[PDB]
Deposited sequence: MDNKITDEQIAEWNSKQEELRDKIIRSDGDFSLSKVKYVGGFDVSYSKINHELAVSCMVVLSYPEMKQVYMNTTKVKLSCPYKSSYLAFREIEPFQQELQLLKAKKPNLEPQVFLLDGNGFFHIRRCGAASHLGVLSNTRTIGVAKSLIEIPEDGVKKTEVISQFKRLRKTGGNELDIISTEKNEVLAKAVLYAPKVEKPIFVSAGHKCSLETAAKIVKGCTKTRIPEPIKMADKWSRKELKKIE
């Protein structure tokens, strides 16, 4: 329904002004634990899914916490509105972590999707402000926003050109307002497809890229890899 998107855009604007894109008292030296969160959905069951939240030790990337919970969905997926799908499983998993093992609450969270790379209010930023936690947006594919002058063919063209120069990080700039939206980064060996890091909450883009680089073993950062792994495994355990 179009009524639902009309309230969602107003929801994106109210939280737009709330997202903090500065580190403040936070720094890379403060990072002792980094958390990951992912949701796996069932193709055979339209409303059944499994959420998973993990905590890994920084920078050794040793998994120290993992919990998986069966989830009931009330929202379908729509581009630029990913936040509303996973906000409740994230809040549910976050509370179980603070209750079961409160010492393992990580300094920062890695979330699937973008944050500032969005109405400037991606799911990573949306979940961060509503939960009062430090989040980083990491997307495996490029969101396209023609309203900001970013297109997929141009980003991959200048990135492949940047690759010819020998680089590995490329600022993705909004053609309007001249704002850096995300960094197309490549921190893993034997990888050519870039991931897109964007600021989530209580953290800057430049610092977020460093944290993602520390979490990088293969193309997918370890916190996202583990959360993706266990969520899918448990979903196929209850079919």
{"item": "Where the deposited sequence has no C-alpha coordinates (positions from 1, in order)", "value": "1-5, 124"}
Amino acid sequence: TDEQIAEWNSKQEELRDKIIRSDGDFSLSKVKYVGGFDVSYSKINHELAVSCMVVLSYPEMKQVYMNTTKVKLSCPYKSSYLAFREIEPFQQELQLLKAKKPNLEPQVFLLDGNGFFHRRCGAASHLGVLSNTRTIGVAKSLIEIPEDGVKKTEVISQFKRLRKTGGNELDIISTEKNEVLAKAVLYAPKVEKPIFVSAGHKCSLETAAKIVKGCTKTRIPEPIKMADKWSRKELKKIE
From here on, numbers count along this sequence of modelled residues.
property	result
Comparing 172-180 with 193-201, the one whose average Cα B-factor in the PDB entry is higher	172-180
Between 76-84 and 130-138 (mean CA B-factor, as deposited), the higher	76-84
Most elevated Cα B-factor in the entry, residues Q107, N114, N103, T153	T153
Record-listed C-alpha B factor of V31: chain third	lowest
Assigned third (lowest, middle, highest) for the C-alpha B factor of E206	middle
Third of the chain, ranked by Cα B-factor, where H46 sits	highest
